[PDB]
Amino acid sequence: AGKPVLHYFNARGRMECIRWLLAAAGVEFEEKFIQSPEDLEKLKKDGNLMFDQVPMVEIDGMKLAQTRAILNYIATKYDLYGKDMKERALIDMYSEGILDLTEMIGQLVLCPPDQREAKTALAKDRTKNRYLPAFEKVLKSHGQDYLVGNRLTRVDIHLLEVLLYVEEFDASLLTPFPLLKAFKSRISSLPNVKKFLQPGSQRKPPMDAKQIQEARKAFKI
């Protein structure tokens, strides 16, 4: 095969971080969108999904499922996983923290009006007092342009991506962090990244209250 094929709904979800990593690596990919329960059913019946779930990416002869397994394979393949196990330990701990932040904010648009109020307050609290400070500290610790090993790795991309989501959430959360503001602007200028950020790329938008309801009355939800 030529281009990796990404199987997922036409939405951000768990596949967006993979789109970002391939984009950053400069690797062109195709997407086969799951538009209906029938598309999903067919994917399962034809033996495409190990645990009957997506994300699933066809690459180098594999039908690879599980977000993290896919990200790990792609980062290794395109030299975005650092130079050794020690740098990989830092890249992994940092990336896992970013995934947790992403989920904590991402779950909000699901909270029952009686729950969201406090959950949002907790997320903003965690964002400005737990996560942003941790990454601002990493940058401050070595004063280098990238998070690990003074060279671009997958986690610089994951961090840029989640900062964008933090900005969509509450732009003010980011103000106390000068080093993250600089980092965000630096990574966004990389050629491959700038191209993904441009209108018309395969980058996905966030989903508005209604929009989602559809997807519920679109599949099991």
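In case it trips you up, residue 1 is the first one in the sequence shown, and so on.
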Taking the deposited Cα B-factors and averaging over 172-180 and over 26-34, the higher mean is found in 172-180
Stretch with higher mean Cα temperature factor, 50-58 vs 162-170, is 162-170
By the entry's C-alpha temperature factors, tell me which of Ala134, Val109, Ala75, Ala89 sits highest. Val109
Sorting the chain's CA B-factors, does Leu122 end up in the lowest, middle or highest third? highest
Within this chain's modelled residues, let me know which third the CA B factor of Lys45 belongs to: lowest, middle or highest. highest
Split the chain's modelled residues into thirds by Cα B-factor; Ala11 lands in the middle
Select lowest, middle or highest to describe the third in which the CA B-factor of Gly97 falls within its chain in this entry. lowest
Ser188: CA B-factor among chain residues, third -> middle
